[PDB]
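Laid out below as structure tokens are two forms of one and the same protein chain, each shown alone and named structure 1 and structure 2.
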Structure 1
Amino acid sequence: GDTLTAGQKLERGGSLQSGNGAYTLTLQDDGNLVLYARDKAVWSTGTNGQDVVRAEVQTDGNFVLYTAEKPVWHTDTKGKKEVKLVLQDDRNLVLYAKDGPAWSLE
């Protein structure tokens, strides 16, 4: 609506509106939380070019924009079944899967 209570958030595409639809606060896919007043953008968080996933009115009192949790490193073994990571006594760190070792440190 026009209000975000504690624990509520705007996700990408979500919005608040007021002034008979003339005013729109919206979290964009470029990452920016923007307030559009009619034709013009009157204010933003300046978070364009950043991977902002939500604008949460937190229960601790703080309204906060967060970038998404992202992967930064992987074994690159998506698709493998029943996997387990084992730190072995031969010092090798091995990712095992249904049809044998999918990834190996050594």
Structure 2
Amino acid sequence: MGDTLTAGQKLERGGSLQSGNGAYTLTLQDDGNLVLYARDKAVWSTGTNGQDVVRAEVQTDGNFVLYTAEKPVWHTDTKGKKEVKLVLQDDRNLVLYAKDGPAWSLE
């Protein structure tokens, strides 16, 4: 990406900045950590390693920010079901159907 990130531009997993003299590289890593390297030595980081960071973005309100991926606060825990559909029924029950039958409901 060069040595500059302007308002509304962002770094994503794998991408980076590099100084003109090619000595330093700042890169947002897949372990989620934004790390600056002097050659192959890390000299500074966002300490966000082990987090799921998706982007490091120079925002248009002038703020540079790292965002973690959207996380699940609630689920039906039916992962593994095939051909699911959720149906709000006339009997007032909400039901998650699956190829192999009703997978979930309110009750």
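We call the rigid core the largest set of C-alpha positions that still match within 1.5 Å between the two forms. Throughout, residue numbering runs from 1 along the sequence of structure 1.
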With one rigid piece of the chain swinging against the other between structure 1 and structure 2, say which of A68, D30, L85, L35 is at the hinge. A68
Give the rotation angle, in whole degrees, of the smaller rigid part relative to the larger one between structure 1 and structure 2, based on C-alpha superpositions. 35
If I align on the rigid core, how far apart are the two C-alpha positions of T75 between structure 1 and structure 2? Answer in Å. 4.4
Aligning on the rigid core, what is the distance the CA of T59 moves between structure 1 and structure 2, in angstrom? 0.2
Cα displacement of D99 between structure 1 and structure 2, once the rigid core is superposed (Å): 11.2
